[PDB]
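Novice:
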Amino acid sequence: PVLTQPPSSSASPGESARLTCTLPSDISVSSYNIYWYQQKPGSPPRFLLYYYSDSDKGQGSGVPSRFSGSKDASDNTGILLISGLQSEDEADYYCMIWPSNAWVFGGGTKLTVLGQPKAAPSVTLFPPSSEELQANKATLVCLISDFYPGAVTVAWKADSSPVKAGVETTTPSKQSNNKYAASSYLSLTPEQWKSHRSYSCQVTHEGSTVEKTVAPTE
Amino acid sequence: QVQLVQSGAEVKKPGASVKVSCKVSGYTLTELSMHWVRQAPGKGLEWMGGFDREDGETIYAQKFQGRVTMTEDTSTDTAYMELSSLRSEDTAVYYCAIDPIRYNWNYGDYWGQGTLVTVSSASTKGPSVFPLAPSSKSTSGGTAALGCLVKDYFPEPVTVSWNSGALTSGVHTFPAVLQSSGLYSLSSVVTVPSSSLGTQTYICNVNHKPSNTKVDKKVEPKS
Amino acid sequence: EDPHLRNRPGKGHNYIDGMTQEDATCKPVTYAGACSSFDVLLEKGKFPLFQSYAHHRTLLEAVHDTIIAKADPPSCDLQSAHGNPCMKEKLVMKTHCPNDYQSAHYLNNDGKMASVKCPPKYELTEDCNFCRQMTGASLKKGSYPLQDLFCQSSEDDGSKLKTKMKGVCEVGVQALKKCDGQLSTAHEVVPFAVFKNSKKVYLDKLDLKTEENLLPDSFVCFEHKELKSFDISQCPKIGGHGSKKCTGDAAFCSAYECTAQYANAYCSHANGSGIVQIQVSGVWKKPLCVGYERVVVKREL
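Sequences listed follow chains A, B and C, in order.
Here the first sequence stands for residues 3 to 220, where the numbers follow this note's numbering.
Here the second sequence stands for residues 93 to 315, where the numbers follow this note's numbering.
Here the third sequence stands for residues 247 to 547, where the numbers follow this note's numbering.
1. Step through the CB atoms of chain B and report whether any lies within less than 8 Å of the CB of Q40/A.
2. How many Å lie between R130/B and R68/A at the Cα?
3. Restricting to Cα atoms, I'd like to know which of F396/C, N345/C, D263/C is closest to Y299/C.
4. Please report how far the alpha carbon of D463/C lies from the alpha carbon of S72/A, in whole angstroms.
5. Taking Cβ-Cβ distances shorter than 8 Å, what residues in chain A pair up with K273/C?
6. In angstroms with no decimal places, state the Cα-to-Cα distance between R378/C and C364/C.
7. For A75/A, which of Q194/A, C23/A, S147/A, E208/A has the nearest alpha-carbon?
8. Roughly how many whole angstroms lie between the Cα atoms of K112/A and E92/A?
9. CA-CA distance, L392/C and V541/C?
10. Which residues share a DSSP beta bridge with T170/B?
11. For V447/C, I'd like the list of residues in its chain whose CB is within less than 8 Å of its CB, leaving aside the five on either flank, ordered along the chain.
12. Beta carbons nearer than 8 Å to chain C: which residues of the stretch 17 to 44 of chain A have them?
13. Using a Cβ-Cβ distance cut-off of 8 Å, determine whether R194/B contacts chain C.
14. By the criterion of Cβ-Cβ separation under 9 Å, what are the contact partners of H259/C in chain B?
15. Measuring CB to CB, does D58/A end up less than 8 Å from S321/C?
16. Once DSSP output is grouped into helix, strand and coil, what is the label at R252/C?
17. How many angstroms separate the CA atom of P101/A from the CA atom of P366/C?
18. Can you give the Cα-Cα distance for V543/C and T312/C, rounded to whole angstroms?
19. Indicate whether at least one CB of chain A lies closer than 8 Å to the CB of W254/B.
20. Would you say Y53/A lies against chain C (beta-carbon separation less than 8 Å)?
21. At 8 Å on the CB atoms, spell out the chain C contacts of residue 1/A, in chain order.
22. What are the start and end residues of each continuous beta strand (DSSP E) run of 3 or more residues lying completely inside the stretch 364 to 440 of chain C, in chain order?
23. Given that a residue counts as buried once 16 or more other Cβ atoms are within 10 Å of its Cβ, and exposed if not, what is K155/B?
24. Once DSSP output is grouped into helix, strand and coil, what is the label at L5/A?
25. From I81/A to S210/A, what distance separates their C-alpha atoms?
26. Report the rounded CA-to-CA distance for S489/C versus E146/B, giving the unit in angstroms.
27. Can you give me the C-alpha to C-alpha distance between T150/B and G264/C, rounded to a whole angstrom?
28. Answer yes or no: does any C-beta atom of chain A fall closer than 8 Å to that of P320/C?
29. With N517/C as the anchor, note down where its beta strand (DSSP E) starts and where it stops.
30. Check this for me: beta carbons of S10/A and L116/A, under 8 Å apart or not?
31. In whole angstroms, what is the alpha-carbon distance linking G388/C and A421/C?
32. Please report the distance separating the alpha-carbon of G141/B from that of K111/B.
33. Shorter than 8 Å from the beta carbon of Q523/C to some beta carbon of chain A?
34. Spell out whether any CB of chain B is found under 8 Å from the CB atom of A350/C.
35. Starting from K243/B and walking both ways along the beta strand (DSSP E), at which residues does that stretch end?
36. Straight-line CA distance for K229/B to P3/A?
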C-alpha cells in the first residue's frame, strides 16, 4: 500500500498547520493506528503521537499538546494538526500504518514555518565545458538559487522526453542570504550530448515551473 | 529508559555485505522487538525487517528478501542487521527502531542515532575540476552565475574557496552527490554582477586532502 | 486470583489473525492494558464456564498456541454473495454480539476456529448474522468470542468419539438419526467438547474433573515495579539451576528453592489450573476444548 503525503507545506508562525496522509482506495483509515513522526536533519525520526480514535490515542514523550491527530473518513486521510505553529516545528513529517508484517511510511512532508517571504527560484543550466568533453565526459549542471520555501522538484528532459537515468540532485541548502539553493546533475556521454537538439532542466517551486534549455550547437 | 546506540559509518564495495549493530542499554534486549528502517540520503524512510519476540519469527520486506539477515547477541544486548549483495542504491542511513505504542513506558530512545553505509569501489581518487562559464544566458538584469565543477573524487570531503578566500559574497558551495560510479561530485558557484565579467577575476581553489590534490581553475567567460 | 487472571497460560495471545492493531495489549494479554477480544470473558455475569476455568486457554489463545487450527477459510464475509462456509453453521447458533465489533470467532463443527467478519466500518448485528453500519465513534480492534469455552493441550485421541444424545435427531449442524415422526424444536444451551482427532461432540451432560499439580503451568509468577508477569522458567528448582532468583507460596517453595529477601519475583499456585478431563459415554478423556453454545436442537417426542 502506498501512502501519499504532499511533498511540502507551509504556514506562518502562530497559525495552524494541517498535514494529511492519504491511504489507497482498498483500505480504510478507520482500521489502523496512525503513527506520526517528526524528523530534523542529522537526527533520527522522533515519534510525535499515534491516533486511531478519540478514545484510542496516545502522545509521544515530551511532545507538546500543540501536536494532535485525527482522521477524515470521506477523504481516507490521516491528519496531523499542529496548532500555534512555532519556528522549531520546521522539519519533515512522516505518517506510518502497521496493517501487516510491515512498517509502511508516507513519502514525507517538508513543513516550512514561513519565516518571511516566498522568493521564486533562479535557474541556470550549464552545458559541458570544453575541458570536460576533451576528457570524454559530459555533465549538465542545473543551478537553482534564491528560492523560499526550500522545496524544489527537478525534472530533466532530452528533446521533450523526460530523463531519469544519470540524474543526481542535492537537497535544498540555505544560502548565506537565508534563501535556498539546489543543484542537479545530468551525466551523459559526449555522444549523447551532441546527438540531441537540446536538453532541458525544469524545476517546480510552489506549483510553478521554470524551464531552461541548452544546446550543443553553440 | 532505553538507550539505542548503533555502530559507526561504513564503506563497502559493491557485492559485499554490511553488518550494523544496535547496542541496547538500560533495558534487556530479549524483551524488545527490534526493527530496522533505512533512509537513502534526502529520501524517505523504508522498512526492511523486524523480529517479533512474542512470535519468535523474523519478518522481512520483499524488496530485500534474500539479502537482509537479522541476528542478536543476548549476552551483550546487541542486535545485528546484515545486508548482502550490496549495490549502489543501498547507500543509506540504517536505523534500529522500537515500536512506540507497545513501549510507551519508555522515555529514552525509540530509534538509534543511525549508521551511514556507503557502497563504492573507489579508493582515494583526486577530483577533476571543470569551469562553469557564463556567456550571457547566466544573466538576468545585471546578475550572472559562474562556478566550478568538482567531479569524481573519493572520499569526502573537498573544500572550495574563491580567490583564496577573499571572495565570499554571493558564493555557495553545494553538498556532494554520490554517483552510480561510486565517486562523489559537487559544484561551487558565485553570483556576480554581469558587468564585472571583463573587469574581475574569478578563481576557485579546490582542495582534496585525502589524495593531496590542490587545483586552481580560472573561470573566464565563453567565446 | 483476581488480577492474575490476565497472567495468561501459554503465550497469552488474544488477537485474530487479520486484526493486529491491538497487538500492544493483546499480544500478549497481561496486567496492563485493555483487550477487546479478552476483557469480554471476565465480565461477571457472562461466560460462566470460562470464569470457573479462567487459568485455562481462550479460543484465540489455543489457536496461537498451535492447540486449535484455523478453518480453511479463516473468516467468512457476511456482505458477499453467500458468506457460505459459516452461514449455514452460524444460523443454527443463537448468539448475541455487542456493538462496534467487526469480527466474531467460534469453534467449528470440525473442531477448528471459524470467524465471521464485516467491512472496515460495519458493526455486527445483535444476532451476529448481518453487517450493520457503524453507529459508534469507532470500531473495536478485536474479535468477540461467540461461545463460552476454555481450552487446553491434549494428546488423547478422540477419533472414536461422536455425539450421543437421548432422543435427539438434529443438534446444530449434526444429524444423528432419521426421525420421521414430527419433532420438538428449541434453542438449547448444549455443552460440547473437541478432541485431538474428532469433530465437535455434543453431550447431554457436562461432567468435568480437574487434577491439580505443581508443574510449571500451574503457577503465576509476577513482579512489582505496577504488576508485571514473570516466567517461572528462570526460577531454579530445589537442587537446580536458575538464571534468576524467586520466592513464592508454600506450594512453589515445596518444589522450587525459595529466597525471601533476594527475590526477583513471586510465584503463586494458580488454583483451578491443572489437567481437565471429561466423561464421554462413560469414558474419561482429555479434551482439547470444552464449552457451551445455544443452538437449534430437534428432539423426537
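Every residue gets a Cβ at the ideal spot worked out from N, C-alpha and C, and that includes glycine.
Specialist: Looking at the atomic coordinates:
1. Within the first sequence, residue 40/A is the residue found at index 38, counting from 1. So, not an interface residue.
2. Here residue 130/B refers to the residue found at position 38 of the second sequence. Here residue 68/A refers to the residue found at position 66 of the first sequence. So the two alpha carbons sit approximately 29 Å from each other.
3. For the purposes of this step, residue 299/C is identified with residue 53 of the third sequence, where counting begins at 1. For the residues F396/C, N345/C, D263/C, the minimum Cα distance to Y299/C belongs to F396/C.
4. Start at 1 with the first residue of the third sequence, and residue 463/C comes out as number 217. Start at 1 with the first residue of the first sequence, and residue 72/A comes out as number 70. Straight-line Cα distance between these residues: approximately 44 Å.
5. On the third sequence, position 27 is the one that residue 273/C refers to. None at all; the shortest Cβ gap to chain A is about 12 Å.
6. The sequence position of residue 378/C within the third sequence is 132, counting from 1. The sequence position of residue 364/C within the third sequence is 118, counting from 1. If I take the Cα positions, the gap works out to 9 Å.
7. By one-based count along the first sequence, residue 75/A stands at place 73. Of the residues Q194/A, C23/A, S147/A, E208/A, the one whose Cα lies closest to the Cα of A75/A is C23/A.
8. The count along the first sequence starts at 1 and reaches residue 112/A at position 110. The count along the first sequence starts at 1 and reaches residue 92/A at position 90. Their backbone Cα atoms lie some 8 Å apart in a straight line.
9. Locating residue 392/C in the third sequence gives position 146, where the first residue counts as 1. Locating residue 541/C in the third sequence gives position 295, where the first residue counts as 1. Cα-Cα distance, rounded: 12 Å.
10. As a position in the second sequence, residue 170/B is number 78, starting the count at 1. Beta-bridge annotation (DSSP): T170/B is paired with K115/B, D165/B.
11. For this step, residue 447/C is matched to residue 201 along the third sequence. Take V447/C, set aside five residues on each side of it, and the residues of its chain with a beta-carbon closer than 8 Å to its own are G404, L407, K408, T409, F438, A439, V440, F441, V526, in chain order.
12. Going along the stretch 17 to 44 of chain A in chain order, one finds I29, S30, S32, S33, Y34, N35 with a Cβ nearer than 8 Å to chain C.
13. Along the second sequence, one-based indexing puts residue 194/B at 102. Residue-level contact check: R194/B touches chain C, since one or more beta carbons of chain C fall below 8 Å from its beta carbon.
14. Within the third sequence, the letter at position 13 stands for residue 259/C. The contacting residues are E146, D147.
15. One-based indexing of the first sequence puts residue 58/A at position 56. One-based indexing of the third sequence puts residue 321/C at position 75. No, these two residues do not count as a Cβ contact at 8 Å.
16. By one-based count along the third sequence, residue 252/C stands at place 6. Note: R252/C maps to helix in three-state DSSP.
17. Taking the first residue of the first sequence as position 1, residue 101/A is located at position 99. Taking the first residue of the third sequence as position 1, residue 366/C is located at position 120. For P101/A and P366/C, the distance between alpha carbons rounds to 12 Å.
18. Walking along the third sequence from the start, residue 543/C turns up at place 297. Walking along the third sequence from the start, residue 312/C turns up at place 66. One C-alpha to the other measures close to 31 Å.
19. Taking the first residue of the second sequence as position 1, residue 254/B is located at position 162. No, its Cβ sits nowhere closer than 8 Å to a Cβ of chain A.
20. What you label residue 53/A is simply residue 51 of the first sequence in a count that begins at 1. No, its Cβ sits nowhere closer than 8 Å to a Cβ of chain C.
21. For residue 1/A there is no data in the structure shown, the boundaries of chain A being 3 and 220.
22. Correct list: 368 to 370, 377 to 379, 389 to 391, 394 to 397, 414 to 417, 429 to 440.
23. Here residue 155/B is taken as the residue at index 63 of the second sequence, counted from 1. Flag for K155/B reads exposed.
24. The count along the first sequence starts at 1 and reaches residue 5/A at position 3. Coil, per DSSP.
25. Here residue 81/A refers to the residue found at position 79 of the first sequence. Here residue 210/A refers to the residue found at position 208 of the first sequence. Distance between the alpha carbons of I81/A and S210/A: 26 Å.
26. Counting from one through the third sequence, the residue named residue 489/C turns up at place 243. Counting from one through the second sequence, the residue named residue 146/B turns up at place 54. Taking the straight line from one Cα to the other gives about 20 Å.
27. For the purposes of this step, residue 150/B is taken as residue 58 along the second sequence, with counting starting at 1. For the purposes of this step, residue 264/C is taken as residue 18 along the third sequence, with counting starting at 1. The straight-line gap from Cα to Cα measures roughly 18 Å.
28. Numbered from 1 along the third sequence, position 74 holds the residue referred to as residue 320/C. It does not; no Cβ of chain A falls within 8 Å.
29. Taking the first residue of the third sequence as position 1, residue 517/C is located at position 271. That residue, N517/C, is in no beta strand (DSSP E); it is neither H nor E in DSSP.
30. Counting from one through the first sequence, the residue named residue 10/A turns up at place 8. Counting from one through the first sequence, the residue named residue 116/A turns up at place 114. Their beta carbons are not under 8 Å apart, which means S10/A does not touch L116/A by this criterion.
31. Counting from 1 along the third sequence, the entry for residue 388/C is found at position 142. Counting from 1 along the third sequence, the entry for residue 421/C is found at position 175. Distance from the CA of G388/C to the CA of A421/C, rounded to the nearest whole angstrom, comes to 33 Å.
32. The residue given as residue 141/B occupies position 49 in the second sequence. The residue given as residue 111/B occupies position 19 in the second sequence. In a straight line, the C-alpha of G141/B is about 14 Å away from that of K111/B.
33. Counting from one through the third sequence, the residue named residue 523/C turns up at place 277. Using a CB distance cut-off of 8 Å, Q523/C does not count as an interface residue toward chain A.
34. By one-based count along the third sequence, residue 350/C stands at place 104. Taking Cβ atoms only, chain B never reaches closer than 8 Å to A350/C, which makes this a no.
35. Position 151 of the second sequence, counting from 1, holds the residue named residue 243/B. Per DSSP, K243/B is one residue of the beta strand (DSSP E) stretching across 235 to 245.
36. Within the second sequence, residue 229/B is the residue found at index 137, counting from 1. Within the first sequence, residue 3/A is the residue found at index 1, counting from 1. Between the alpha carbons of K229/B and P3/A lies a gap of roughly 45 Å.
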